[PDB]
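Structure incoming, see below.
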Amino acid sequence: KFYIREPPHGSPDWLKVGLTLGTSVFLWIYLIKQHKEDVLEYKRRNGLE
Amino acid sequence: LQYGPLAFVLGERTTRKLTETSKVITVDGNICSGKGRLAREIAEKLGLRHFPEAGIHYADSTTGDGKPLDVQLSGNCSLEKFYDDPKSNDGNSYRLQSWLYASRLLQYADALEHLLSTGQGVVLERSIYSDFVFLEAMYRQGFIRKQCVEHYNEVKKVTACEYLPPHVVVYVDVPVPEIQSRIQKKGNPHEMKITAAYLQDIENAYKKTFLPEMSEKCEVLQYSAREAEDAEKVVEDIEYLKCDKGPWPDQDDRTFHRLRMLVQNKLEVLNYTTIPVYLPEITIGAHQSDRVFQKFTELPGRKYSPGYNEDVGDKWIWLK
Amino acid sequence: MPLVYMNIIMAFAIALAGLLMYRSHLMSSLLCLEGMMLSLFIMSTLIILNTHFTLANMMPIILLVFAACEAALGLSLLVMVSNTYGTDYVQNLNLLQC
Amino acid sequence: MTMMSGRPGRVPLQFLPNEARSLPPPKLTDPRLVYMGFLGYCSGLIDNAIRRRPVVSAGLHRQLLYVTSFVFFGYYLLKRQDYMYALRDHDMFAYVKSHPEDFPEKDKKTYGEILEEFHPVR
Amino acid sequence: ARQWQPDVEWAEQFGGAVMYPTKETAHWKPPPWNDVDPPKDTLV
Amino acid sequence: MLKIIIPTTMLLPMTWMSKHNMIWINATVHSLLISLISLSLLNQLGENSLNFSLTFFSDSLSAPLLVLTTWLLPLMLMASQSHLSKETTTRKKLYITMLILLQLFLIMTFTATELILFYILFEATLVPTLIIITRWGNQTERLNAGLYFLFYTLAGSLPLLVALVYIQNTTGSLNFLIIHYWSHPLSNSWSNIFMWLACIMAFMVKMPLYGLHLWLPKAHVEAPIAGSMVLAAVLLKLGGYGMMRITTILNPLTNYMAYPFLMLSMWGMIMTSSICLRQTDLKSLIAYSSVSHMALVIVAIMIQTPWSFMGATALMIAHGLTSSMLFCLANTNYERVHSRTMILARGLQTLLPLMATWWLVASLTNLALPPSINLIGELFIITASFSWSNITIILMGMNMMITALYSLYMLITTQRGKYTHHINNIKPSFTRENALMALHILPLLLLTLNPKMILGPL
Amino acid sequence: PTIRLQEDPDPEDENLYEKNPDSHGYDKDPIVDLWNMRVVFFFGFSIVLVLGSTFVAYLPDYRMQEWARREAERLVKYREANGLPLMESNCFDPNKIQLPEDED
Amino acid sequence: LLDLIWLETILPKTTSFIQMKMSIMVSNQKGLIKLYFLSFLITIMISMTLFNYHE
Amino acid sequence: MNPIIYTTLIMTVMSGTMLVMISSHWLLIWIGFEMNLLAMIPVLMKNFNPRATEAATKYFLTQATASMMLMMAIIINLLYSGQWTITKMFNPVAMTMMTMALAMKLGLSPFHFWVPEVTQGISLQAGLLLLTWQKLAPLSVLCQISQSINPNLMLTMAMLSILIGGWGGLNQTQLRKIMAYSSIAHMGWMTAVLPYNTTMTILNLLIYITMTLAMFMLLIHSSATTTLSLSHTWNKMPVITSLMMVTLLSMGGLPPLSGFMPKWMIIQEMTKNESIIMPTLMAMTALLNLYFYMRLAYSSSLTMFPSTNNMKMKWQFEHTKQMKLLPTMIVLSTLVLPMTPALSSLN
Ligand SMILES: CCCCCCCCCCCCCCCCCC(=O)OC[C@H](COP(=O)([O-])OCC(O)COP(=O)([O-])OC[C@@H](COC(=O)CCCCCCCCCCCCCCCCC)OC(=O)CCCCCCCCCCCCCCCCC)OC(=O)CCCCCCCCCCCCCCCCC
Ligand SMILES: CCCCCCCCCCCCCCCCC[C@@H](O)O[C@H](CO[C@H](O)CCCCCCCCCCCCCCC)COP(=O)(O)OCC[N+](C)(C)C
Ligand SMILES: CCCCCCCCCCCCCCCCC[C@@H](O)O[C@H](CO[C@H](O)CCCCCCCCCCCCCCC)COP(=O)(O)OCC[N+](C)(C)C
Ligand SMILES: CCCCCCCCCCCCCCCCC[C@@H](O)O[C@H](CO[C@H](O)CCCCCCCCCCCCCCC)COP(=O)(O)OCC[N+](C)(C)C
Ligand SMILES: Nc1ncnc2c1ncn2[C@@H]1O[C@H](COP(=O)(O)OP(=O)(O)O)[C@@H](O)[C@H]1O
């Protein structure tokens, strides 16, 4: 329909989409792991369990 | 990658793509003269890209689909009613002139962008440097006011100073009686009302302002009516021009970089066409502006950005 | 403080007053700026020599270096101003208001 | 005035001392973290609106990254803020303990022995 | 029948170089559309 | 009390996700459901308040105000959809968003436990009101009105903020329960006098107090119909609620700091009632009526007695309903004839009988016909003022005579006489307008049936 | 042009009764109009008004009016039986109050 | 006399007039560095005498 | 200008500021100021025209005078105490000169005249840099030497800055001068609380920088430098004007927007000391800034101004360059009040 290329085509930029999704997933996994180790260290230092 | 500072920093330079045939060409002439055919022939022989003269709907052909839009949403002016009633009290004449100047500016920006991006030459019919003649013919005939001329001069002053004038200016000279005969032979009922004074004013503006002032920037090739059909002779006359006098030889990589950043980004090109100067001929009230903008946003491929209109068949939107 | 210290401080104050009170030429004000730099150099050198602060002896030279930079900067600007007006008068720098 | 810059033992550019590891970390359902994620979602919606894209549906990966980044920064911001408030409380209590002359606990009086003036409303 | 909206006469209140013009500042001009003053013919 | 706050926040995306031709239906239905839910707050105790959490609490003073707010939202939606038919979908959704945000801010304002949170929400109500007035008002004066609405408020509220933080540095808390239990008298010093003024002037300008009322005719005349409804019915009561909250820390200074404000309230009540007798614009008359009733409320709050507090609560609720109904009644005629001049369209009883009945009932409640709750509040305040000083019955008495006059004057000008001959575009009343009038008026008489629900904590 | 600007003319107001003689004044779409009327009437009168009034009318006595009346009845009965005064001017026992030692 | 004139005159109109006059006084400078550099000199001397001499 | 040279100059500006921020020696702080000014002068002249040259000349004169006074104060301090470390400033005359020099660098009243002129004479990008990044170094030095400040002088300059910012902004139709007067008033607010709590100064600086970045980026997105050219933006992109209106309301300090947070906090801090009259005056004066922000909002978003015919052509094209940080800047400028206690992390 467009007279010009419209560089963003019908298919999305797969490299950018993959990079964005990978960054989000990696950040979420890192946050979960960090929270787990933080809870463990707090429990150990205060001796709850 | 989009052209920018990063592309210029590493690699890309405009000066290397110029291969002695860049040569922005414009082919001016009076009404009904065969300047378009000559421009097409020049472009075909020299291998340059031909730009047909920018009309009311030139911008339509470059955005969305190349089809023209309704006159209400694009242009808001008429050439036919300019011929029918040039002294209409609704401001049609200067509105048409201003819209045509904006269209010519957009076309010049497109041609410069193409030349600087590919190194291929271009051939234009008229330009922003030549539009003013029509304005002059409008003012001498009483079709527009002096305030309109002042506004036009302001816009031209802030716009046309940022670009490079064409390498070679080709002019086709046709006498006014011959032009009237051609117009009569044409058959368009709107062009038969063109008085000879209007054409004479156009010719006077050309021969007394445009050609003298353009001859200082570069040499001007003038051809009469009979020696313009022989396009090969015009081409071989163009091929032996010593073009080392104008601003084009005074261009290096950084100036070309600035110009290339300017010619893209058409919003920056058109920035100063809508300056807040409130002439009744071109000022549009808030209610009409709102209604017309709402009408425009409802066109099938115009609500969103080009690749995001699912009602014209855009897929994978939710990943873009 | 000795009399010499007061004299150098007075020289700095005079140069500052000369800079703050423009007559016509930008060049005269640039000269007043250079005079302030010179007075600061002399004052710092006298203090550093009096107290035998050995490592501070390189400090005044550093000052001079940036003085030159500041001196160059000013001159550059003056050139442009002159190229606009054919003169270096501060009266011509009035396109912008408050 | 700067209260805590010269506090002894402070490492210049740490952002999270080891002592802070003795405090309970914020929960992942902390309402402040939820509000930070809401801020990220609003940023994504505004990004869609400015770019003339369908506001709610245009980029799901971009919106997800917005929310994730805001939550990720907010977690550590909340940790540091809680640590600073704990430090303030610790210092205040230690100072009160070490200067009993400036913080005396005076004898308590009941309201049956305190004479308060009565102001009638009329 | 319709909501009032500003017209040209209303919009011209904000088009001057300054609000609340006085006798002194009535001759102040707004800056050029692009920030380029015309070049003077200060021939040397 | 998140069971009321969260559904409004859900109204927001429900409006922004609705189909283009279902926004009004969905908004009205769920607004009415939220009002029904908020009806449960009327179950109050005799000793203390409902302390939901550390942040929100409900008293016998704020619960009827919350019910009034939640009930006013659907009425505003019904009144707005007529003159917004030509609007685009996005702008209609933005208008509804402004109304929803205003309701949320008011709901949180009436239940905040701390004074600074109350201040923040009570200032946050400014933005949606100003946007509504200056974007959807009809005439060019709206812009000026907006400015008058803004600065008049802020010039009162900026000192209050300072006082508030100062108080928190002195007593250590701004929690209202702690403030009430740990109350200490205010001595007679210049510092205490200026603290009193800082604590009082913002609420005074909100009521508004006579002499500080000039913003109100402008803002309430230039606003669209929903703006006028919410300005008269709820936003004026912020001042009274805040004053009744803040007076717990101002004794015994009030005993003599109230004299200028009492004199201003009584004399300016007479003055604004008199102004109503010569008014050419029908909306301005209703605005000045609001000023007179609020002067009565100010007197009641300033004399600080249980009877005056009960009367003030009842009067605020009754006035909210009555003034909103009167604004809607005037808006019907304005939409028919596109002019606010009172004498333009006359003899409307001949053309619109049921609307004339609505006009009669609204004007009857305005003049406080017994046993309406308008009359109950007015009589309680008058009795308390009589106890304060026997001479007040003069001024109050004069007010009772003037009010009825102008009230009936309004009716006689619009409904009686002969119809204007050249006005031929007066169409029959729509079902929407009649339903709006009924949904205004029936709760008034229902509340008369059980008046202890609007009599407050005293 | 003797004009100041290009503007649309002010349009006439539309009568909802022209295209819909029984129009209810809610919407130009007759079906949406009818359902707006129906939902307003059902959720405003049938649900909130009548049911809310019934709910408020039968709210349980958390204000403790009847409890206070019964307590006062017991107090009056006891005090009249033993000949004590019905009410005392002091609501606090003076033995729990310590006045200041000196008044001079 | 009261609602349309004097009550307008005292609080809002006086405030608008005063703010407008002060705005005109403050903002109307020629943009000449000579004048406000002289102002800078005056400020420096005043700050050296009024605030600095008293310590 | 070459992009490489522009990047080098921007990096040198930032390096001078960082040298000011990390130095322990007064000479190195002065050198950081010199390097920052030397790199900043050409950045103001990037688009060459007489107005830019005039602005650069005025800026150079002001900053060079300020640096001379700075060095003289340092040398006096060394004379009365052989110390080079940035500390409690053992001499009062030197401290007065230091305060005046830093105020002249910041543009505080009465050394305020150069700010509107320089801002009006340069481009919007240069104005963004000048009004955001150029405040960091003098404010950092003032925070470091706050305990030796004379409260009378700084409070006088802060109150004057607030008053003059409001009054000067009341008179402007040019957007850059409006931004400059707003900057003057906000610098006054920042320096009013400095002798009492530097954390509040940092918080106010951060919020002001966020709001100013959002403002300047919105002004660059819609190529408007005057009120009348900004009044056209509604007919091209209404979303930009709506976001601008909300940002202006936040800059006005209205609750519950983020711009209310610093003033609130500052007022509270001032009441922790005695300081009652000054905060009341400051708020009542900030009402003027709110007034001219509201006038701008009236012109650009709340009413529709007449447009031009050629605007139709602009409807057919999209914005090429996109600012990646604009949405986050807008969100941080508006919806940040509920996270107020996080300011504890600043100290
Ligand atoms: C306090 C409690 C919490 C509240 C939080 C704060 C408020 C909400 C968050 C704020 C940010 C959120 C949205 C940001 C992006 C919006 C930008 C926008 O343009 O919107 C258009 C967009 C519609 O565009 P479209 O769909 O692409 O097609 C229409 C065209 O684009 C047609 O577009 P157009 O451009 O052609 O139309 C032009 C129009 C376009 O102009 C606008 O649309 C204005 C938008 C400005 C954004 C707000 C500014 C920044 C945020 C600060 C807000 C401050 C709040 C504090 C109070 C002060 C109030 C200012 O401009 C005008 O018409 C001029 C009108 C002049 C009026 C000026 C008033 C503007 C300020 C009012 C702001 C009020 C708050 C936001 C209102 C809602 C906006 C959607 O709106 C939306 O649809 C998005 C909103 C809804 C999405 C969220 C729904 C979530 C999912 C549903 C399920 C819910 C989950 C619940 C969990 C439970 C499971 C069941
Ligand atoms: C308007 C909204 C404001 C937002 C401002 C920008 C937010 C994004 C910027 C992200 C910050 C990146 C920093 C994280 C890297 C670690 C750096 C760390 O080492 O620095 C520490 C410093 O920590 C930082 O200061 C904390 C930055 C967090 C700022 C957020 C507080 C904003 C106030 C609350 C508003 C809500 C914010 C919501 C966030 C989205 C070292 O402390 P110190 O070297 O000894 O301090 C020197 C200065 N002193 C001594 C004079 C005090
Ligand atoms: C348009 C409507 C706006 C809203 C209306 C607001 C009303 C505000 C009025 C303030 C009420 C009283 C304020 C202070 C109480 C007493 C004032 C004074 O006149 O009384 C005498 C005060 O004596 C003298 O009058 C001294 C005050 C004289 C200077 C005040 C200036 C008043 C002149 C009028 C200016 C207009 C002000 C309003 C501007 C709009 C009492 O003698 P004294 O016992 O010793 O003072 C009591 C305080 N002590 C105990 C701490 C000592
Ligand atoms: C169109 C034609 C009109 C005329 C024809 C009408 C035909 C007859 C109908 C008229 C009926 C006459 C009314 C006579 C009163 C009888 C009912 C009365 O007895 O009930 C009252 C009860 O009335 C209710 O309590 C009052 C209604 C509550 C009002 C709330 C309105 C709903 C909310 C709507 C939105 C809120 C907006 C306002 C915000 C504040 C008494 O309460 P109470 O003495 O205790 O009862 C003691 C025993 N209990 C406790 C066990 C029950
Ligand atoms: N700037 C202008 N103003 C008014 N009319 C114009 C303008 N440019 C082109 N036209 C109209 O375009 C028509 C034909 O254009 P022209 O190029 O001269 O003939 P041809 O199509 O044969 O090359 C003429 O009626 C002429 O008036």
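The way this entry was determined, per its header, is electron microscopy, 2.5 Å.
Using the three backbone atoms N, Cα and C, a Cβ is placed for every residue, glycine included.
Marked as transmembrane segment by Swiss-Prot on the basis of sequence analysis: I:3-23, I:25-45, I:59-79, I:89-109, I:149-169, I:178-198, I:200-220, I:237-257, I:274-294, I:325-345.
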Ranking I:3-23, I:59-79, I:237-257, I:274-294 by Cβ pairs under 8 Å to the transmembrane segment (I:178-198), which is first?
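When the Cβ pairs under 8 Å are tallied, I:274-294 comes out ahead.
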Do the transmembrane segment (I:237-257) and the transmembrane segment (I:3-23) come close, with at least three CB pairs under 8 A (pairs 6 or more apart in sequence)?
no
Counting CB pairs under 8 Å, which listed stretch among I:59-79, I:200-220, I:274-294 touches the transmembrane segment (I:325-345) the most?
I:200-220
Can you work out whether the transmembrane segment (I:149-169) touches the transmembrane segment (I:3-23), with the criterion being 3+ CB pairs under 8 Å where the paired residues are 6 or more apart along the chain?
no
Near the transmembrane segment (I:200-220), which residues from the same chain, at least 6 beyond its ends, have a CB less than 8 A from one of its CBs?
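That would be 124-125, 127-128, 131-132, 135-136, 139, 142-143, 175, 179, 182-183, 186, 189-191, 193-194, 230, 240, 243-244, 247-248, 250-251, 258-259, 261-262, 265-266, 269, 323, 325-326, 329-330, 332-333, 336, 343, 346.
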In the same chain, which residue numbers or ranges, 6 or more beyond the ends of the transmembrane segment (I:59-79), come under 8 angstroms Cβ to Cβ?
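That would be 26-27, 30, 33-34, 37, 40-41, 44, 89-91, 93-95, 97-98, 100-102, 104-105, 111, 114, 118.
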